[PDB]
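Order of the sequence lines sets the chain letters (A, B, ...), proteins ahead of strands, with each chain counted from 1. In what follows, every heavy atom counts, from backbone to side chain, and hydrogens, waters and symmetry copies are set aside.
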Amino acid sequence: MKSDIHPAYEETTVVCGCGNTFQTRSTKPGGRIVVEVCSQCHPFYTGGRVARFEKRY
Amino acid sequence: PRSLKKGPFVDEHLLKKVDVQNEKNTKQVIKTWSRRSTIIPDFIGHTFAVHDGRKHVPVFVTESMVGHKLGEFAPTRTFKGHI
Amino acid sequence: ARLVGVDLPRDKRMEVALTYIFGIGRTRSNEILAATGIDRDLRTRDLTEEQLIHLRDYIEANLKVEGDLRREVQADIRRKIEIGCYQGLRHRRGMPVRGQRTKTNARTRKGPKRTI
Amino acid sequence: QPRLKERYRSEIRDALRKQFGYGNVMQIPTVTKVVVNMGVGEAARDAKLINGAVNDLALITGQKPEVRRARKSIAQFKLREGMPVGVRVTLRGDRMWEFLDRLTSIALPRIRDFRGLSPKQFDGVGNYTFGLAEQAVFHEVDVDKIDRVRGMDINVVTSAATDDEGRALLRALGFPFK
RNA sequence: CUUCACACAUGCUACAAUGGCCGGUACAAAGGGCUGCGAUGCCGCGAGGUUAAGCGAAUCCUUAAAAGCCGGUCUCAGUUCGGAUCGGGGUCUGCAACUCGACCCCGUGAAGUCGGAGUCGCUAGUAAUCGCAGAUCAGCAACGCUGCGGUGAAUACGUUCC
Ligand SMILES: [Mg+2]
Ligand SMILES: [Mg+2]
Ligand SMILES: [Mg+2]
Ligand SMILES: [Mg+2]
Ligand SMILES: [Mg+2]
Ligand SMILES: [Mg+2]
Ligand SMILES: [Mg+2]
Ligand SMILES: [Mg+2]
Ligand SMILES: [Zn+2]
């Protein structure tokens with residue numbers, strides 16, 4: 001049951017446009033997964049009406 | 001008066017009624033008919049009896065109604081529903 | 001080609017493909033593509049990821065798009081309701097707010113004909 | 001050797017003893033299993049969960065899922081007993097640490113308009129459950145070979161006794177909480 | 001006097017490719033102007049602001065007509081069709097624009113894919129379509145009304161029936 005019923009699963013390199021690169025084991029064919037955003041370059045990971053009248057006058 | 005070149009519009013008879021109370025720090029109600037007056041940030045905390053057509057309606061200027069006209073809080077018409 | 005989490009329609013010219021972002025119409029689409037130098041007569045399938053970085057960061061420095069435009073829009077409607085203004089009461093009932101005629105029309109704010 | 005595991009025993013295994021003063025190293029919490037399931041309730045009708053829920057959770061997680069049948073018939077759901085309504089995979093060992101690292105690095109920020117996960121979704125022991133809303137969170141499935149979009153909810157079952165002990169574990173692994 | 005569970009009536013803009021958008025370029029008529037018409041220059045994405053020439057006018061301003069033509073692009077999709085509704089920012093008029101003004105910018109992008117029974121106008125420079133002007137008027141709910149020119153059809157056997 002742990003033989004030729006499961007999908008193929010081997011080593012896979014992941015790179016980001018920020019410059020991040022690390023090495024996992026995934027199911028992408030060829031092992032060349034490329035992301036546009038990751039855990040290093042995303043926001044949330046690093047970050048009155050009285051003044052409206054004052055700005056007009 | 002609605003264009004930024006000429007400032008906002010408050011009636012002069014309404015500006016004199018709060019400047020006699022901003023000088024001695026009291027919060028008496030201002031009976032008024034001036035629905036067309038802008039709320040400015042010297043009306044904060046003041047209450048106003050604002051005429052709607054048939055009676056005067058109290059309105060309490062808090063902080064966020066400070067770019068609006070004063071008549072927007074006394075509704076003139078009345079409609080509960082057809083049935 | 002996800003730009004700001006928006007999934008641009010594939011095989012579409014770049015002047016129109018940016019307008020599928022909530023917060024960008026045709027005037028902003030001309031001035032995203034003017035500051036970044038990407039030409040307007042370009043399909044979105046021929047886009048470069050090096051080009052996609054140039055306009056995935058021009059937008060947060062200047063513009064206001066999905067989520068934090070959509071919540072700023074629905075917190076302005078929210079603001080009028082608790083201050084008890086005229087438009088806030090008029091927002092609460094599904095009646096039109098900008099001084100519209102309500103005798104024979106306003107079938108956009110209201111639904112289809114109830115027909116009593 | 002998955003890199004989230006060698007990072008776990010290097011500093012996470014030792015920082016938890018100084019926050020929670022354990023006497024013995026057999027008390028330090030560790031995530032035991034990650035369970036993902038679909039829950040395709042719109043498969044009692046039309047009976048198509050074959051390409052839908054089975055063939056994408058194999059691509060997300062790495063092994064073929066189990067199909068879960070319904071246990072009692074509910075009339076209002078048009079649900080008959082013994083009918084496939086759920087698809088579930090269970091991840092242990094290296095495929096678990098290679099899922100949690102791949103989830104938090106390149107997948108969990110791909111949520112549209114993402115502002116973090118709630119830290120109050122612990123059940124009382126220190127097991128965390130959150131729900132995804134789309135399949136396009138993962139690059140390992142593609143938008144063009146799939147049927148209709150569907151979400152999934154993901155359990156992270158730990159060896160923790162209580163909630164803030166389990167909250168301190170997943171914070172140290174790299175879950176983003178608001 | 002502008003309300004709004006609804007019903008009718010007259011119109012406008014639509015549902016697109018005989019079209020939309022962008023660039024270039026051609027050809028009108030009849031009117032208005034002193035509490036005015038504002039050329040030119042200058043600032044603004046724009047409505048506009050400012051300066052000021054000329055003109056009670058076949059003289060100056062209004063005044064760039066729009067369809068059309070040529071080039072480019074979209075490629076039949078609820079879309080680069082549609083432009084309601086709503087959010088924000090403005091300008092001008094006026095003592096004053098909340099109830100209740102018009103216009104401009106940015107965002108938003110609803111119904112609608114040619115319309116049931118029924119029903120209307122039109123026989124020629126007509127119908128269909130395209131702009132421009134006037135009166136009332138501080139401004140305007142002007143898509144109305146009274147006019148003006150542009151391009152420009154198809155049909156009529158016939159008198160039985162309505
Ligand atoms: Mg009347
Ligand atoms: Mg259009
Ligand atoms: Mg043209
Ligand atoms: Mg200029
Ligand atoms: Mg052409
Ligand atoms: Mg429809
Ligand atoms: Mg069509
Ligand atoms: Mg007039
Ligand atoms: Zn990165």
K.L.:
More than 12 foreign heavy atoms under 6.0 Å from NZ of B/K5: is that the case here?
P.N.:
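Incorrect, the count does not exceed 12.
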K.L.:
Is any residue of residues 14-23 of chain A within less than 4.5 Å of chain B by heavy atoms, and which ones?
P.N.:
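The stretch does not come within 4.5 Å of chain B.
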K.L.:
Counting a contact as any heavy-atom pair under 4.5 Å apart, which residues of residues 38-57 of chain A contact chain B?
P.N.:
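Interface residues of residues 38-57 of chain A: A/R49, A/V50, A/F53, A/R56, A/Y57.
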K.L.:
Show me the pairs that pass ring pair (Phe, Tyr, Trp, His ring centres under 6.0 Å) and involve residues 64-83 of chain B, at least two apart or across chains.
P.N.:
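Matches after skipping sequence neighbours: B/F79-B/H82.
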K.L.:
Just to be sure I understand the criterion: a residue of residues 38-52 of chain B counts if one of its heavy atoms is under 4.5 Å from a heavy atom of chain A. Which ones qualify?
P.N.:
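Interface residues of residues 38-52 of chain B: B/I40, B/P41.
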K.L.:
Look at atom CG of B/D19 and say whether more than 12 heavy atoms of other residues, nucleotides or ligands are closer to it than 6.0 Å.
P.N.:
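More than 12 within 6.0 Å, yes.
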